[PDB]
Every structure is written in structure tokens, then in C-alpha cells.
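Chemist: Experimental structure and sequence below.
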Amino acid sequence: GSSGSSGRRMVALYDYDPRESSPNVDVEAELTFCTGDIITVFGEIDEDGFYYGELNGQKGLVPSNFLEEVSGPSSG
């Protein structure tokens, strides 16, 4: 029963929109999440300043300035 911790689940601190915030640069790849939407990022920030995670079964980019490493006191 191997689990394997892949990427980190981040909690969208503030709704994002590559249709307004983003300068419209290949947004077709960027991910559109909302406040609270959990996104699993993989790897460190790129040269630009974004993260590579997956959402609702979609791989794209996500602004680290709109996420927060999820950390809760797991008791059980």
C-alpha cells in the first residue's frame, strides 16, 4: 500500500483569473481556480514566477501569490 507524497496541495488564498490578472500569455495552459480551490503543485517556482500543479483533472500553471501551503494538525 504505497502512497508516495507527490507535489504539495495549496489552498487558493484568493480567486485567480488568467483572463484579467494574466497579460493573456498562453493562458490556455494556465489554470483558473477560485478562493479555497485546492491545487496540487509540483516542483519549485519557475524562472517566471509560477507553479505547475493539477486541478479538476487539468495540468497547467498557478500563481504562487494566490496559494498557501496547506498545513493542518492531523489528529486521528
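Modeler: The structure has been received and is ready for your questions. Numbering: from 1, shown residues only.
Chemist: Can you identify each of the strands in this structure by residue range?
Modeler: Per DSSP state E, the chain carries strands over the ranges 8-11, 38-42, 50-55, 58-63.
Chemist: tell me the most buried of these?
Modeler: Across those, averaging neighbours per residue (mean count of other CB atoms under 10 Å) puts strand 50-55 on top, at a mean of 20. Yep, even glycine has a C-beta here, placed from its N, CA and C like the rest.
Chemist: Counting by contacts, list what that strand packs against.
Modeler: Strand 50-55 sits against strand 38-42, strand 58-63, with contacts defined as 3 or more CB pairs under 8 Å, 6 or more residues apart in numbering; DSSP states H and E.
Chemist: can you do 10 Å?
Modeler: Here strand 50-55 touches strand 8-11, strand 38-42, strand 58-63, going by 3 or more CB pairs under 10 Å, 6 or more residues apart in numbering; DSSP states H and E.
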